[PDB]
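Next up, work_36.cif (mmCIF, C-alpha atoms):
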data_structure
loop_
_atom_site.label_atom_id
_atom_site.label_comp_id
_atom_site.auth_asym_id
_atom_site.auth_seq_id
_atom_site.Cartn_x
_atom_site.Cartn_y
_atom_site.Cartn_z
CA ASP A 1 14.24 22.17 -15.42
CA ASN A 2 17.32 20.27 -14.33
CA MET A 3 17.09 22.18 -11.06
CA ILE A 4 13.61 20.80 -10.34
CA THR A 5 14.60 17.20 -11.04
CA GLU A 6 17.82 17.50 -9.04
CA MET A 7 15.93 18.83 -6.02
CA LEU A 8 13.25 16.13 -6.13
CA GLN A 9 15.91 13.45 -6.54
CA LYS A 10 17.92 14.87 -3.65
CA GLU A 11 14.82 14.44 -1.49
CA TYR A 12 14.59 10.82 -2.62
CA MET A 13 18.31 10.24 -2.00
CA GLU A 14 18.06 11.56 1.56
CA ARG A 15 15.03 9.39 2.27
CA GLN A 16 16.89 6.34 0.97
CA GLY A 17 19.88 7.18 3.15
CA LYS A 18 17.73 7.46 6.28
CA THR A 19 15.13 4.68 5.80
CA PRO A 20 16.32 1.10 5.16
CA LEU A 21 14.72 -0.79 2.30
CA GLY A 22 14.08 -3.73 4.62
CA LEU A 23 11.61 -1.63 6.60
CA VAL A 24 9.79 -0.66 3.39
CA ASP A 25 9.59 -4.33 2.41
CA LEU A 26 8.33 -5.30 5.87
CA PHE A 27 5.64 -2.61 5.76
CA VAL A 28 4.51 -3.65 2.27
CA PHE A 29 4.35 -7.34 3.21
CA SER A 30 2.49 -6.60 6.45
CA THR A 31 -0.05 -4.51 4.54
CA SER A 32 -0.52 -7.31 2.00
CA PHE A 33 -0.93 -9.84 4.83
CA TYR A 34 -3.58 -7.68 6.51
CA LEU A 35 -5.40 -7.17 3.19
CA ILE A 36 -5.51 -10.93 2.61
CA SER A 37 -6.92 -11.24 6.13
CA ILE A 38 -9.75 -8.81 5.43
CA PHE A 39 -10.44 -10.69 2.19
CA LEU A 40 -10.81 -13.96 4.06
CA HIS A 41 -13.13 -12.09 6.42
CA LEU A 42 -15.36 -10.86 3.59
CA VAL A 43 -15.71 -14.32 2.00
CA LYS A 44 -17.33 -15.79 5.17
CA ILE A 45 -15.58 -19.16 4.92
CA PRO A 46 -17.69 -21.66 6.92
CA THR A 47 -16.62 -24.81 8.69
CA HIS A 48 -19.91 -26.63 7.88
CA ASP B 1 27.64 8.86 9.24
CA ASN B 2 28.29 8.43 5.54
CA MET B 3 28.81 4.67 5.87
CA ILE B 4 25.23 4.15 7.06
CA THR B 5 23.77 6.27 4.26
CA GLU B 6 25.99 4.66 1.62
CA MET B 7 24.94 1.17 2.73
CA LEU B 8 21.24 2.03 2.68
CA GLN B 9 21.50 3.73 -0.72
CA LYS B 10 23.44 0.73 -2.04
CA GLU B 11 20.64 -1.65 -1.10
CA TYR B 12 18.08 0.71 -2.67
CA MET B 13 20.10 0.89 -5.90
CA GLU B 14 20.44 -2.91 -5.96
CA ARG B 15 16.67 -3.23 -5.62
CA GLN B 16 16.04 -0.74 -8.42
CA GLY B 17 18.16 -2.78 -10.85
CA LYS B 18 16.16 -5.96 -10.22
CA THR B 19 12.53 -4.96 -9.64
CA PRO B 20 11.07 -2.98 -12.57
CA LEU B 21 9.25 0.20 -11.65
CA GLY B 22 6.35 -0.87 -13.87
CA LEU B 23 5.80 -3.81 -11.53
CA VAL B 24 5.71 -1.43 -8.54
CA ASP B 25 3.17 0.71 -10.40
CA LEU B 26 1.05 -2.35 -11.19
CA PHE B 27 1.14 -3.51 -7.57
CA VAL B 28 0.14 -0.07 -6.27
CA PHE B 29 -2.71 0.27 -8.77
CA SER B 30 -4.00 -3.25 -8.06
CA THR B 31 -3.98 -2.60 -4.31
CA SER B 32 -5.85 0.67 -4.86
CA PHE B 33 -8.41 -1.16 -7.01
CA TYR B 34 -8.89 -3.77 -4.29
CA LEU B 35 -9.25 -1.04 -1.64
CA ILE B 36 -11.95 0.67 -3.71
CA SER B 37 -13.81 -2.63 -4.05
CA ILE B 38 -13.50 -3.13 -0.28
CA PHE B 39 -15.07 0.27 0.34
CA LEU B 40 -17.91 -0.52 -2.06
CA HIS B 41 -18.47 -3.82 -0.24
CA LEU B 42 -18.63 -1.97 3.08
CA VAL B 43 -20.92 0.87 1.99
CA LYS B 44 -23.68 -1.74 1.38
CA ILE B 45 -25.24 -0.34 -1.79
CA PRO B 46 -28.76 -1.75 -2.32
CA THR B 47 -30.81 -1.75 -5.52
CA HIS B 48 -33.39 0.50 -3.75
CA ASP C 1 23.87 -7.56 -17.74
CA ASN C 2 24.60 -4.06 -16.51
CA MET C 3 22.42 -2.75 -19.36
CA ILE C 4 19.33 -4.25 -17.72
CA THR C 5 20.09 -2.76 -14.31
CA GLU C 6 20.94 0.59 -15.90
CA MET C 7 17.64 0.80 -17.79
CA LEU C 8 15.60 -0.16 -14.72
CA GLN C 9 17.52 2.38 -12.62
CA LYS C 10 16.98 5.03 -15.33
CA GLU C 11 13.23 4.48 -15.11
CA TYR C 12 13.43 4.89 -11.34
CA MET C 13 15.50 8.07 -11.71
CA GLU C 14 13.00 9.59 -14.15
CA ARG C 15 10.13 8.81 -11.78
CA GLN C 16 12.02 10.40 -8.90
CA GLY C 17 12.59 13.49 -11.05
CA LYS C 18 8.89 13.80 -11.90
CA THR C 19 7.02 12.57 -8.79
CA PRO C 20 7.74 14.30 -5.45
CA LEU C 21 8.46 12.20 -2.37
CA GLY C 22 5.95 14.16 -0.32
CA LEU C 23 3.23 12.95 -2.68
CA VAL C 24 4.09 9.28 -2.21
CA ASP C 25 4.32 9.80 1.56
CA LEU C 26 0.86 11.37 1.47
CA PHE C 27 -0.48 8.43 -0.53
CA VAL C 28 1.02 5.87 1.86
CA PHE C 29 -0.27 7.65 4.96
CA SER C 30 -3.76 8.11 3.49
CA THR C 31 -3.95 4.43 2.58
CA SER C 32 -2.81 3.46 6.09
CA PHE C 33 -5.47 5.74 7.59
CA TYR C 34 -8.11 4.12 5.38
CA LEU C 35 -6.87 0.66 6.41
CA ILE C 36 -7.20 1.54 10.10
CA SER C 37 -10.72 2.79 9.41
CA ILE C 38 -11.73 -0.44 7.68
CA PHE C 39 -10.28 -2.47 10.56
CA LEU C 40 -12.42 -0.46 12.96
CA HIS C 41 -15.44 -1.15 10.75
CA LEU C 42 -14.77 -4.91 10.59
CA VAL C 43 -14.06 -5.39 14.30
CA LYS C 44 -17.47 -3.83 15.17
CA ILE C 45 -16.48 -1.65 18.11
CA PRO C 46 -19.37 -1.30 20.60
CA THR C 47 -21.19 1.77 21.88
CA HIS C 48 -23.37 0.56 24.81
CA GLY D 1 3.33 4.01 -19.16
CA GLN D 2 6.25 2.05 -17.72
CA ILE D 3 4.02 -1.01 -17.21
CA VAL D 4 4.70 -2.11 -20.80
CA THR D 5 8.42 -1.87 -20.00
CA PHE D 6 7.82 -4.41 -17.23
CA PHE D 7 5.83 -6.45 -19.78
CA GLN D 8 8.91 -6.54 -22.02
CA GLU D 9 11.39 -7.28 -19.20
CA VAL D 10 9.47 -10.36 -17.98
CA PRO D 11 12.05 -12.95 -19.20
CA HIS D 12 14.83 -10.94 -17.51
CA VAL D 13 13.25 -10.40 -14.06
CA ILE D 14 11.07 -13.48 -13.45
CA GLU D 15 13.93 -15.19 -11.61
CA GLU D 16 13.85 -12.81 -8.61
CA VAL D 17 11.64 -14.00 -5.76
CA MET D 18 10.56 -10.45 -4.89
CA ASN D 19 9.25 -9.98 -8.44
CA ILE D 20 7.33 -13.26 -8.25
CA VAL D 21 5.79 -12.19 -4.93
CA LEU D 22 4.82 -8.79 -6.34
CA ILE D 23 3.24 -10.30 -9.47
CA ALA D 24 1.32 -12.89 -7.46
CA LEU D 25 0.08 -10.22 -5.03
CA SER D 26 -1.05 -7.98 -7.89
CA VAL D 27 -2.91 -10.80 -9.65
CA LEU D 28 -4.51 -11.87 -6.36
CA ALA D 29 -5.56 -8.29 -5.59
CA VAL D 30 -7.10 -7.80 -9.04
CA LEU D 31 -8.99 -11.09 -8.73
CA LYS D 32 -10.27 -10.35 -5.22
CA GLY D 33 -11.38 -6.91 -6.37
CA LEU D 34 -13.28 -8.34 -9.33
CA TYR D 35 -14.85 -10.88 -6.97
CA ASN D 36 -16.01 -8.09 -4.68
CA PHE D 37 -17.29 -5.98 -7.58
CA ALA D 38 -19.19 -9.01 -8.87
CA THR D 39 -20.88 -9.63 -5.51
CA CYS D 40 -21.26 -6.11 -4.05
CA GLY D 41 -24.73 -5.23 -5.31
CA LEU D 42 -23.25 -2.87 -7.90
CA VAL D 43 -24.39 -5.20 -10.67
CA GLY D 44 -27.80 -5.31 -9.02
CA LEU D 45 -27.87 -1.52 -9.08
CA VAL D 46 -27.02 -1.54 -12.79
CA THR D 47 -29.80 -4.03 -13.53
CA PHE D 48 -32.30 -2.05 -11.43
CA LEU D 49 -31.38 1.05 -13.44
CA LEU D 50 -31.90 -0.78 -16.74
CA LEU D 51 -35.24 -2.03 -15.38
CA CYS D 52 -36.33 1.54 -14.68
CA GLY D 53 -35.16 2.59 -18.15
CA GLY E 1 8.49 16.39 6.49
CA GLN E 2 8.61 17.26 2.79
CA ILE E 3 4.84 17.22 2.25
CA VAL E 4 5.15 21.00 2.46
CA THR E 5 7.75 20.62 -0.30
CA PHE E 6 5.10 18.78 -2.34
CA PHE E 7 2.76 21.71 -1.68
CA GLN E 8 5.44 24.15 -2.86
CA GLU E 9 5.92 22.01 -6.00
CA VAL E 10 2.24 21.78 -7.00
CA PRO E 11 2.34 24.07 -10.09
CA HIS E 12 5.64 22.62 -11.30
CA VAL E 13 4.73 18.91 -11.52
CA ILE E 14 0.93 18.98 -11.70
CA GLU E 15 0.97 18.14 -15.42
CA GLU E 16 2.09 14.55 -14.83
CA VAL E 17 -0.86 12.16 -15.03
CA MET E 18 0.82 9.89 -12.47
CA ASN E 19 0.84 12.73 -9.94
CA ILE E 20 -2.82 13.52 -10.66
CA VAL E 21 -3.74 9.87 -10.09
CA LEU E 22 -1.71 9.77 -6.87
CA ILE E 23 -3.38 12.93 -5.54
CA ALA E 24 -6.83 11.64 -6.44
CA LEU E 25 -6.15 8.28 -4.79
CA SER E 26 -4.86 9.94 -1.62
CA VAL E 27 -7.85 12.29 -1.36
CA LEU E 28 -10.27 9.42 -2.05
CA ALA E 29 -8.61 7.23 0.58
CA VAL E 30 -8.79 10.02 3.16
CA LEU E 31 -12.48 10.59 2.42
CA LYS E 32 -13.35 6.88 2.66
CA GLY E 33 -11.39 6.75 5.91
CA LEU E 34 -13.29 9.69 7.38
CA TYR E 35 -16.57 8.11 6.30
CA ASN E 36 -15.67 4.91 8.13
CA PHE E 37 -14.34 6.83 11.16
CA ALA E 38 -17.73 8.56 11.34
CA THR E 39 -20.07 5.63 10.57
CA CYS E 40 -18.30 2.67 12.24
CA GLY E 41 -19.54 3.63 15.70
CA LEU E 42 -16.55 5.50 17.09
CA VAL E 43 -18.75 8.59 17.40
CA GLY E 44 -21.44 6.49 19.06
CA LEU E 45 -19.03 5.25 21.71
CA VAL E 46 -17.59 8.68 22.44
CA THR E 47 -21.08 10.19 22.66
CA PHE E 48 -22.10 7.48 25.13
CA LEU E 49 -18.94 8.34 27.07
CA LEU E 50 -20.00 11.99 27.20
CA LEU E 51 -23.54 10.91 28.14
CA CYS E 52 -22.11 9.13 31.18
CA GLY E 53 -20.03 12.19 32.07
CA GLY F 1 15.33 -10.11 1.63
CA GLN F 2 16.82 -7.00 3.22
CA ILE F 3 14.56 -7.16 6.30
CA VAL F 4 17.48 -8.79 8.13
CA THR F 5 19.65 -5.85 7.07
CA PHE F 6 17.04 -3.58 8.64
CA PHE F 7 17.14 -5.65 11.84
CA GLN F 8 20.94 -5.47 12.03
CA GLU F 9 20.98 -1.65 11.89
CA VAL F 10 17.87 -0.92 13.98
CA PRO F 11 19.57 1.33 16.59
CA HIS F 12 21.12 3.63 13.97
CA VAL F 13 17.79 4.47 12.26
CA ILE F 14 15.28 4.45 15.14
CA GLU F 15 15.89 8.17 15.72
CA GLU F 16 13.94 9.02 12.55
CA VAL F 17 10.21 9.49 13.15
CA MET F 18 9.36 8.07 9.72
CA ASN F 19 10.96 4.75 10.65
CA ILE F 20 9.10 4.67 13.97
CA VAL F 21 5.79 5.29 12.19
CA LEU F 22 6.56 2.61 9.60
CA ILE F 23 7.45 0.07 12.30
CA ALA F 24 4.31 0.86 14.30
CA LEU F 25 2.11 0.57 11.21
CA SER F 26 3.71 -2.76 10.25
CA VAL F 27 3.18 -4.13 13.76
CA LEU F 28 -0.43 -2.92 13.78
CA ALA F 29 -1.07 -4.47 10.36
CA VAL F 30 0.40 -7.80 11.49
CA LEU F 31 -1.71 -7.74 14.66
CA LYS F 32 -4.91 -6.93 12.77
CA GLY F 33 -4.18 -9.63 10.20
CA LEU F 34 -3.53 -12.22 12.90
CA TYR F 35 -6.77 -11.25 14.67
CA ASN F 36 -8.76 -11.57 11.44
CA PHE F 37 -7.08 -14.85 10.50
CA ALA F 38 -7.75 -16.41 13.89
CA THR F 39 -11.35 -15.21 14.16
CA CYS F 40 -12.78 -15.41 10.62
CA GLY F 41 -12.62 -19.20 10.44
CA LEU F 42 -9.47 -20.25 8.57
CA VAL F 43 -8.02 -21.90 11.67
CA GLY F 44 -11.44 -23.40 12.34
CA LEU F 45 -11.33 -24.94 8.86
CA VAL F 46 -7.92 -26.47 9.58
CA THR F 47 -9.19 -27.89 12.87
CA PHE F 48 -12.34 -29.22 11.18
CA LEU F 49 -10.36 -31.10 8.55
CA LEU F 50 -7.96 -32.52 11.13
CA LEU F 51 -10.94 -33.57 13.29
CA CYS F 52 -12.30 -35.45 10.28
CA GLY F 53 -8.96 -37.26 10.03
#

Whole structure, structure tokens version:
Amino acid sequence: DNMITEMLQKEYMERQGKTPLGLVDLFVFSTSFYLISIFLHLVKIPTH
Amino acid sequence: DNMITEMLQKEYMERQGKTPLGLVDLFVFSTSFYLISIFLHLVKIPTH
Amino acid sequence: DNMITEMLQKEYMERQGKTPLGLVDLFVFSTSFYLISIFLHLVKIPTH
Amino acid sequence: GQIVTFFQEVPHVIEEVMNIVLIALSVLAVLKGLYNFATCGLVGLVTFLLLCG
Amino acid sequence: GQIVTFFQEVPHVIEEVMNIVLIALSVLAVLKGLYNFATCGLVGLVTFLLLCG
Amino acid sequence: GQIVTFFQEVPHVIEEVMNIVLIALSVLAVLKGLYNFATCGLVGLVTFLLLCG
């Protein structure tokens, strides 16, 4: 049961060593930006 | 090649001591909720 | 001061021991695929 | 589960800008989702159902 | 990558409710995506393309 | 935050396919967002209010 957790955490450790956190943050913020965009599309904001 | 991995893991570990994992969970769940609402607003469900 | 970071990091470590990284990669990729699909729906690609 | 832990660490993490951004994004998402659910026709479906029986 | 690892670990960590929710969300997302990719008009365009030649 | 740290060490992590996919998805999301923002009407609203001025 320690073996399972150690293996899963080793996977996480390797991913963290190969992927920078800045890229994760950039991806999350870009996704949030795009989601806000599609929100402002659904609300049909008029100039009137 | 251990300097690169150590630096990346250091920034990950710094992030994990500042941002609570409960906040990450809440953000993920809220985004999933919004995505589900988006799908329901695209499927165009009428009263029929 | 280090107690706060240690408890937040302990929560992250427990999650990494219980949730596999392949699962979160699958979730991220599926959500990205769904986001691309909804962009295609919004942009109204033509057939002609 | 761990959400309540975040709800008890609020005074100790509110000073980080990333945490503020995450909280604002989550609240905005929840609100936008409730706005969609309110004006998606789902409520109309519910009422139609009640009308039938 | 390690998605095959996740498939090898299904019996071991399926009891976590967080993992069940993650799996359900991923499968739901994929299905909604396929629905859109099949109703948006992508198929219509490619069928018109085949119609031409 | 650490996005600048990512930019500093771009050459040493571009060999991973995961990073390439993440970068491409971020760029696509930014492009789609910009398209939506500049076609939905937000910019039109800003121009309308300035025109009133």

* To do: Run the PyMOL selection byres ((chain E) within 12 of (chain D)) against the file shown and list the residues it catches, as an NGL selection string.
  => :E and (16-18)

Chain A onto chain C, all Cα, least squares, as a PDB file with C-alpha atoms, keeping the file's coordinate frame:
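As written to disk, part.pdb reads:
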ATOM      1  CA  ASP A   1      23.881  -7.288 -17.682  1.00  0.00           C
ATOM      2  CA  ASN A   2      24.984  -3.794 -16.756  1.00  0.00           C
ATOM      3  CA  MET A   3      22.790  -2.570 -19.599  1.00  0.00           C
ATOM      4  CA  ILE A   4      19.668  -4.093 -18.029  1.00  0.00           C
ATOM      5  CA  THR A   5      20.339  -2.601 -14.600  1.00  0.00           C
ATOM      6  CA  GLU A   6      21.210   0.806 -16.047  1.00  0.00           C
ATOM      7  CA  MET A   7      17.956   0.907 -18.013  1.00  0.00           C
ATOM      8  CA  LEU A   8      15.788  -0.120 -15.059  1.00  0.00           C
ATOM      9  CA  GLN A   9      17.545   2.411 -12.838  1.00  0.00           C
ATOM     10  CA  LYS A  10      17.107   5.140 -15.440  1.00  0.00           C
ATOM     11  CA  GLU A  11      13.369   4.457 -15.296  1.00  0.00           C
ATOM     12  CA  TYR A  12      13.492   4.830 -11.517  1.00  0.00           C
ATOM     13  CA  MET A  13      15.558   8.029 -11.757  1.00  0.00           C
ATOM     14  CA  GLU A  14      13.062   9.622 -14.147  1.00  0.00           C
ATOM     15  CA  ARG A  15      10.148   8.679 -11.908  1.00  0.00           C
ATOM     16  CA  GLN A  16      11.924  10.220  -8.921  1.00  0.00           C
ATOM     17  CA  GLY A  17      12.585  13.393 -10.894  1.00  0.00           C
ATOM     18  CA  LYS A  18       8.924  13.739 -11.883  1.00  0.00           C
ATOM     19  CA  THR A  19       7.061  12.565  -8.742  1.00  0.00           C
ATOM     20  CA  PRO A  20       7.831  14.228  -5.382  1.00  0.00           C
ATOM     21  CA  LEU A  21       8.467  11.967  -2.417  1.00  0.00           C
ATOM     22  CA  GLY A  22       5.969  13.972  -0.372  1.00  0.00           C
ATOM     23  CA  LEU A  23       3.155  12.752  -2.613  1.00  0.00           C
ATOM     24  CA  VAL A  24       4.290   9.139  -2.152  1.00  0.00           C
ATOM     25  CA  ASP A  25       4.321   9.644   1.618  1.00  0.00           C
ATOM     26  CA  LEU A  26       0.869  11.250   1.543  1.00  0.00           C
ATOM     27  CA  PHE A  27      -0.541   8.370  -0.507  1.00  0.00           C
ATOM     28  CA  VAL A  28       0.985   5.755   1.811  1.00  0.00           C
ATOM     29  CA  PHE A  29      -0.312   7.493   4.945  1.00  0.00           C
ATOM     30  CA  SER A  30      -3.783   7.954   3.447  1.00  0.00           C
ATOM     31  CA  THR A  31      -3.906   4.262   2.540  1.00  0.00           C
ATOM     32  CA  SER A  32      -2.840   3.307   6.070  1.00  0.00           C
ATOM     33  CA  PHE A  33      -5.479   5.651   7.526  1.00  0.00           C
ATOM     34  CA  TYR A  34      -8.198   4.097   5.358  1.00  0.00           C
ATOM     35  CA  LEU A  35      -7.051   0.573   6.284  1.00  0.00           C
ATOM     36  CA  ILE A  36      -7.252   1.422   9.989  1.00  0.00           C
ATOM     37  CA  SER A  37     -10.757   2.733   9.303  1.00  0.00           C
ATOM     38  CA  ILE A  38     -11.886  -0.524   7.716  1.00  0.00           C
ATOM     39  CA  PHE A  39     -10.348  -2.386  10.661  1.00  0.00           C
ATOM     40  CA  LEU A  40     -12.388  -0.359  13.123  1.00  0.00           C
ATOM     41  CA  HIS A  41     -15.398  -1.158  10.944  1.00  0.00           C
ATOM     42  CA  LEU A  42     -14.779  -4.911  11.099  1.00  0.00           C
ATOM     43  CA  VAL A  43     -14.392  -4.964  14.903  1.00  0.00           C
ATOM     44  CA  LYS A  44     -17.961  -3.621  15.445  1.00  0.00           C
ATOM     45  CA  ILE A  45     -17.047  -1.393  18.391  1.00  0.00           C
ATOM     46  CA  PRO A  46     -20.278  -0.771  20.360  1.00  0.00           C
ATOM     47  CA  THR A  47     -21.229   2.163  22.524  1.00  0.00           C
ATOM     48  CA  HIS A  48     -23.203  -0.030  24.991  1.00  0.00           C
TER      49      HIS A  48
END

* Asked: Got a sec: who's within 12 Å of residue D:52, counting all atoms listed in the file, leaving out chain neighbours fewer than 4 positions off, as a ChimeraX atom specification?
  -> /B:47-48 /D:45-48

* Tell me the residues of chain D close to chain C, meaning within 10 Å using only C-alpha atoms, as a PyMOL selection string. => chain D and resi 2+5-6+9+12-13

* Asked: Quick one: which residues end up in the PyMOL selection byres ((chain A) within 12 of (chain C)) for this structure, as a VMD selection string?
  -> chain A and resid 1 to 16 24 27 to 28 30 to 32 34 to 35 37 to 42

* Atomic separation - atom CA of residue F:22 relative to atom CA of residue A:26, Å ->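 Separation between atom CA of residue A:26 and atom CA of residue F:22: 8.9 Å.
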
* **Separation of atom CA of residue E:37 from atom CA of residue E:50 in Å** => 17.8 Å

* **Atom pair atom CA of residue F:44 / atom CA of residue D:35: separation (Å)** =>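 Computing it gives 23.3 Å between the two atoms.
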
Just stretch 23-40 of chain E from the block, N, CA, C and O atoms, as a PDB file, in the first residue's frame, could you?
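As a result, selection.pdb now contains:
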ATOM      1  N   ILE E  23     -13.309  10.423 -13.625  1.00  0.00           N
ATOM      2  CA  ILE E  23     -13.597   9.543 -14.755  1.00  0.00           C
ATOM      3  C   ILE E  23     -14.930   9.909 -15.388  1.00  0.00           C
ATOM      4  O   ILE E  23     -15.058   9.965 -16.619  1.00  0.00           O
ATOM      5  N   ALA E  24     -15.949  10.148 -14.560  1.00  0.00           N
ATOM      6  CA  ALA E  24     -17.258  10.506 -15.091  1.00  0.00           C
ATOM      7  C   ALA E  24     -17.202  11.821 -15.853  1.00  0.00           C
ATOM      8  O   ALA E  24     -17.782  11.940 -16.936  1.00  0.00           O
ATOM      9  N   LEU E  25     -16.492  12.814 -15.309  1.00  0.00           N
ATOM     10  CA  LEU E  25     -16.355  14.093 -15.992  1.00  0.00           C
ATOM     11  C   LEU E  25     -15.628  13.937 -17.317  1.00  0.00           C
ATOM     12  O   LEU E  25     -16.032  14.527 -18.322  1.00  0.00           O
ATOM     13  N   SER E  26     -14.554  13.145 -17.346  1.00  0.00           N
ATOM     14  CA  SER E  26     -13.831  12.954 -18.598  1.00  0.00           C
ATOM     15  C   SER E  26     -14.700  12.277 -19.651  1.00  0.00           C
ATOM     16  O   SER E  26     -14.737  12.711 -20.810  1.00  0.00           O
ATOM     17  N   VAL E  27     -15.419  11.222 -19.266  1.00  0.00           N
ATOM     18  CA  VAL E  27     -16.261  10.506 -20.221  1.00  0.00           C
ATOM     19  C   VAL E  27     -17.391  11.406 -20.721  1.00  0.00           C
ATOM     20  O   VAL E  27     -17.711  11.426 -21.919  1.00  0.00           O
ATOM     21  N   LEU E  28     -17.985  12.191 -19.817  1.00  0.00           N
ATOM     22  CA  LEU E  28     -19.048  13.119 -20.191  1.00  0.00           C
ATOM     23  C   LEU E  28     -18.536  14.168 -21.166  1.00  0.00           C
ATOM     24  O   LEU E  28     -19.212  14.505 -22.147  1.00  0.00           O
ATOM     25  N   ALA E  29     -17.368  14.743 -20.869  1.00  0.00           N
ATOM     26  CA  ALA E  29     -16.769  15.737 -21.749  1.00  0.00           C
ATOM     27  C   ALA E  29     -16.553  15.152 -23.134  1.00  0.00           C
ATOM     28  O   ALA E  29     -16.856  15.794 -24.143  1.00  0.00           O
ATOM     29  N   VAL E  30     -15.987  13.942 -23.198  1.00  0.00           N
ATOM     30  CA  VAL E  30     -15.704  13.320 -24.489  1.00  0.00           C
ATOM     31  C   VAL E  30     -16.997  13.100 -25.263  1.00  0.00           C
ATOM     32  O   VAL E  30     -17.050  13.304 -26.482  1.00  0.00           O
ATOM     33  N   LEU E  31     -18.068  12.704 -24.568  1.00  0.00           N
ATOM     34  CA  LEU E  31     -19.325  12.451 -25.268  1.00  0.00           C
ATOM     35  C   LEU E  31     -19.935  13.749 -25.785  1.00  0.00           C
ATOM     36  O   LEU E  31     -20.422  13.801 -26.920  1.00  0.00           O
ATOM     37  N   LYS E  32     -19.932  14.802 -24.963  1.00  0.00           N
ATOM     38  CA  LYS E  32     -20.420  16.103 -25.421  1.00  0.00           C
ATOM     39  C   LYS E  32     -19.593  16.609 -26.597  1.00  0.00           C
ATOM     40  O   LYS E  32     -20.131  17.192 -27.550  1.00  0.00           O
ATOM     41  N   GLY E  33     -18.279  16.387 -26.549  1.00  0.00           N
ATOM     42  CA  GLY E  33     -17.430  16.790 -27.652  1.00  0.00           C
ATOM     43  C   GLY E  33     -17.780  16.065 -28.932  1.00  0.00           C
ATOM     44  O   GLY E  33     -17.839  16.673 -29.997  1.00  0.00           O
ATOM     45  N   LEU E  34     -17.960  14.745 -28.852  1.00  0.00           N
ATOM     46  CA  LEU E  34     -18.338  13.974 -30.035  1.00  0.00           C
ATOM     47  C   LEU E  34     -19.689  14.428 -30.576  1.00  0.00           C
ATOM     48  O   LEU E  34     -19.880  14.548 -31.796  1.00  0.00           O
ATOM     49  N   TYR E  35     -20.627  14.730 -29.677  1.00  0.00           N
ATOM     50  CA  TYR E  35     -21.930  15.218 -30.109  1.00  0.00           C
ATOM     51  C   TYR E  35     -21.760  16.498 -30.914  1.00  0.00           C
ATOM     52  O   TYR E  35     -22.334  16.649 -32.001  1.00  0.00           O
ATOM     53  N   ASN E  36     -20.979  17.441 -30.383  1.00  0.00           N
ATOM     54  CA  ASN E  36     -20.750  18.685 -31.111  1.00  0.00           C
ATOM     55  C   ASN E  36     -20.024  18.416 -32.425  1.00  0.00           C
ATOM     56  O   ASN E  36     -20.387  18.974 -33.465  1.00  0.00           O
ATOM     57  N   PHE E  37     -18.990  17.570 -32.400  1.00  0.00           N
ATOM     58  CA  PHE E  37     -18.213  17.272 -33.598  1.00  0.00           C
ATOM     59  C   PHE E  37     -19.040  16.553 -34.650  1.00  0.00           C
ATOM     60  O   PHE E  37     -18.568  16.375 -35.778  1.00  0.00           O
ATOM     61  N   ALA E  38     -20.252  16.129 -34.301  1.00  0.00           N
ATOM     62  CA  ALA E  38     -21.102  15.403 -35.228  1.00  0.00           C
ATOM     63  C   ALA E  38     -22.352  16.187 -35.592  1.00  0.00           C
ATOM     64  O   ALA E  38     -23.039  15.816 -36.550  1.00  0.00           O
ATOM     65  N   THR E  39     -22.662  17.258 -34.856  1.00  0.00           N
ATOM     66  CA  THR E  39     -23.847  18.068 -35.099  1.00  0.00           C
ATOM     67  C   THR E  39     -23.514  19.487 -35.549  1.00  0.00           C
ATOM     68  O   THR E  39     -24.371  20.147 -36.144  1.00  0.00           O
ATOM     69  N   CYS E  40     -22.285  19.952 -35.304  1.00  0.00           N
ATOM     70  CA  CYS E  40     -21.899  21.319 -35.649  1.00  0.00           C
ATOM     71  C   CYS E  40     -22.006  21.584 -37.145  1.00  0.00           C
ATOM     72  O   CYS E  40     -22.392  22.682 -37.562  1.00  0.00           O
TER      73      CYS E  40
END
